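I have placed the structure first, in the form of structure tokens, so that the comments after it can refer back to it.
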2 protein chains.
Amino acid sequence: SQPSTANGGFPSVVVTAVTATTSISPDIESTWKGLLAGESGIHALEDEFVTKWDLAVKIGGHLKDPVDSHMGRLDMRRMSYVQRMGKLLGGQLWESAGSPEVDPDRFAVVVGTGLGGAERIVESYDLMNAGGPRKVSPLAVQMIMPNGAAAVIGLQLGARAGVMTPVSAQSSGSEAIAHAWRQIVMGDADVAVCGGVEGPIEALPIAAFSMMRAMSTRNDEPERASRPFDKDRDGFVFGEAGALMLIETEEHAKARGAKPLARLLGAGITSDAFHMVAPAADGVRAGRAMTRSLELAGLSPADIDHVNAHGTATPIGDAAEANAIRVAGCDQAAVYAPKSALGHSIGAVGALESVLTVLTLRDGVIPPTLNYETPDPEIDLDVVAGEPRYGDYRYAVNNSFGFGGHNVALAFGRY
Amino acid sequence: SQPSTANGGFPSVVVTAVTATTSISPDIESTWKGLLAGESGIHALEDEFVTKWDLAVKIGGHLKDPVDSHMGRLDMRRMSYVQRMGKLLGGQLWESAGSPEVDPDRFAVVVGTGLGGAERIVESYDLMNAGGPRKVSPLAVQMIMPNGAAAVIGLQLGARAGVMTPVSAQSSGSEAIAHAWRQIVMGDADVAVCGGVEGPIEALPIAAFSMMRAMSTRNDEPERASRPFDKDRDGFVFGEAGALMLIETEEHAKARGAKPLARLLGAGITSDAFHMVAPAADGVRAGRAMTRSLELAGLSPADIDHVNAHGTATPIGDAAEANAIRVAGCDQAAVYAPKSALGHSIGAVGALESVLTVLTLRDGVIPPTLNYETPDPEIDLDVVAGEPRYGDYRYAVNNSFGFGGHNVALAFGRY
Ligand SMILES: C=C/C(C)=C/[C@@]1(C)SC(=O)C(C)=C1O
Ligand SMILES: C=C/C(C)=C/[C@@]1(C)SC(=O)C(C)=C1O
Ligand code: NA
Ligand code: NA
């Protein structure tokens, strides 16, 4: 008979530390309290930047605390932005975990991003066009390579049981946590730092996503712009983030006196084969990723008390996801869509929302989905709105999807 | 007991089709005959950018048959180069496999690459700089994203059991195969297209890698520049390539009448935590990735008849790998270093070399390692040289390594 977490085929895996930098706060516990108070991280983009390009999109959430304010002259010259974010969060995470001494040979790193050190691609291009190949830095390739951020974290923390970077566009941060779990349950590590990092709001990324019509243009009320599952939604809002969690076998946590925040029970990864930038409208393959996470966790759909939705606020996006949740037997769960308050951090967002899912399970509370005012009859979901929803949440699925047709679901459990 | 392939704990997985494009030939079987004939793919760079840029490196192997001679206006417009390569190889592989009707819900794609459609990053940057945000194509994000090539193949072939892109620099192509094996043995798929694709030789990649002093500058004699394990090696040579293989459960292959070319028995992924762009001299973590693939295969070091070496021809890289092979107890195996003839295709290379490992087992022969004229006194390996070696190769390990400190070993068996 097939292994599951419930039957003990797989070892039990626990979340023991979380860290995240957001548009609300650099401290995850403060982001969480803010969220519960109904605060938004979204603001007006300031301004001559927007004028310089007359961008259609004039709103987004920058990190409350900029990464580079913790970065010295050397690191600014020698790392890409995602590498600086990764190093910053990795050490904060390790601190929060009590700086444990782990066996490096059983310690893995899995961190996704959407792109990597792309700014260094354009910088190096400009440098060579102007002064030739001798103007390109010896450090360019290590800064540009998309595995750069995971590699800096593995080097910083001493991980010798594998350093991996799955790229799946907007599902990359969840997919990293899926693979870290796989790597533990398969026996290749006992402990893993996992999550996602992403670059900051910039003009060429706004222009690229804007030109697809994917983004909100409700510029007059920035906090009201990201409206997942709401009838008047008009696309996603950028909101900067990066987020990492520490996961380990329950045995490993026990031996060092770490108190678990949640259980990571299982993970499902499927694909649509439908379109490169539109999700399958039927939500069938997306719902099967949820189902697969349950099969591995040893749960039934009826066991799911909460779904932390990808919910980007695009018209077709939220609709396909509503169909996915119905397909999964999960449409009676309380649904939260965090992008309403924190916006979209692309490669980091899945990791961020995984942390949020953990805090929901830990605290028995789901924050309100902001801007949810006019129910959409094609979205027949129990969307948490108005005030937080308190409850004895025992099991939860965090969904993430990505351009390319990527579907990731993570089954978490209260500890 | 933990599962292995040998004890029936993991389902049996076979390789049923292979495809590759190479500096020697567009056809893998032709490339193979070429290698056995002692042919090199490496030539003088004739791109007028060499003098346009006065590059320190003036050698490499372009693909014998350029990808874009198979591409029409439409494909030229909507795909980045690695996407065009993937579509090309994807269709070729499927046709070679006899265009099987498989279950799309049990069919996965795992294709690695080093960077993605980075030429559309610089294109879009230039466009926006010259004409504003509206000069950025609606297609740019999906072309740029490093998961683009895997997604194109998944959409092309109809894969709905997951589409993944592991990025680990020069080991990406091997890691992709490792993860596709994991997806089948964990029960998520019964069949998978896997491998790696990479961009062509261009001025900016030469500049970046040549500023690391990583590349050979033996410009007078292109075919003699790539010298893995040789005392006179002075770095690596670019040789373009892309390569995919079809793997499926032995049961799935039997059902459709597909004759296996080899068995894929096990995969090991570890990390050095030593340096971003240099391997740990001790070869200890690299050796452990070999050992791990053996554990999972159910093999011992004595069973390993052949090692397909990453063998870049850098001074410190070959030295580190020779330590790794010894650590793994595999130093009595017959060693091939294919980059001697085919050069380095970065994100595609581990997949190409996994294909060549499969063929070694199929045909019971290892091609000669070119340029091996003065064995490095400090490296004592049985490097195959001079003429191909006909031998009873039962089992083989393919090694790949990547900037970031990534170690991937694939354990293959004769069918
Ligand atoms: C295959 C296409 C998919 C998953 C598209 C989604 C819904 S995922 C995402 O973050 C955005 C912006 C979308 O549009
Ligand atoms: C951690 C660094 C490693 C593995 C570096 C290697 C050996 S891998 C590779 O492809 C090349 C060109 C190198 O120099
Ligand atoms: Na989510
Ligand atoms: Na190899």
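Heavy atoms only: backbone and side chains are in, while hydrogens, waters and symmetry mates are out. When a ligand or atom number is given, it counts from 1 through the structure's own listing order. Proteins come first, then strands; the chains are lettered A, B, ... in the order of their sequence lines, and each starts at number 1.
- The side-chain hydrogen bond (donor to acceptor under 3.5 Å, both in side chains) test with A:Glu321 singles out one residue from A:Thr312, A:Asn399, A:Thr314, and that residue is A:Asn399.
- Ring centroid separation for the pair B:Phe238 and B:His344 does not come in under the 6.0 Å cut-off.
- At a cut-off of 3.0 Å, A:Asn308 coordinates the Na ion (ligand 3) through an N, O or S atom.
- The Na ion (ligand 4) does not have B:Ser354 among its coordinating residues (no N/O/S atom, backbone or side chain, under 3.0 Å).
- Among the backbone and side-chain atoms of B:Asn399, an N, O or S atom lies under 3.0 Å from the Na ion (ligand 4).
- For ligand 2, the atoms lying closer than 4.0 Å to a non-hydrogen atom of B:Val277 are 2 (C).
- The N, O or S atom of A:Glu353 with the smallest distance to the Na ion (ligand 3) is OE1.
- Taking distance alone, with nitrogen or oxygen atoms compared against 3.5 Å, B:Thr312 stays at or beyond that limit from ligand 2.
- Proximity of B:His344 to ligand 2, defined as any heavy-atom pair under 4.0 Å, is confined to the side chain (atoms from C-beta onward).
- Atom 12 (C) of ligand 2 has as its closest protein heavy atom B:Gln170 NE2, 3.6 Å.
- Each of the atoms 4 (C), 8 (S), 10 (O) of ligand 2 lies under 4.0 Å from some heavy atom of B:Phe401.
- When heavy-atom distances to ligand 2 are checked against a 4.0 Å cut-off, B:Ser171 has no atom that comes that close, whether in backbone or side chain.
- For B:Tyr393 and B:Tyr395, the ring centers sit 6.0 Å or farther from each other.
- In this structure, atom 6 (C) of ligand 2 lies nearest to the protein heavy atom B:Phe403 CE2, 4.1 Å.
- Ionic pairing of B:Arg233 and B:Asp318 is present here: one or more N-O contacts between side-chain nitrogen and carboxylate oxygen are shorter than 4.0 angstrom.
- When each atom of ligand 2 is checked for a heavy atom of B:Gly405 under 4.0 Å away, the hits are 1 (C).
- Inclusion of A:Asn398 in the first shell of the Na ion (ligand 3) is supported: an N, O or S atom falls under 3.0 Å.
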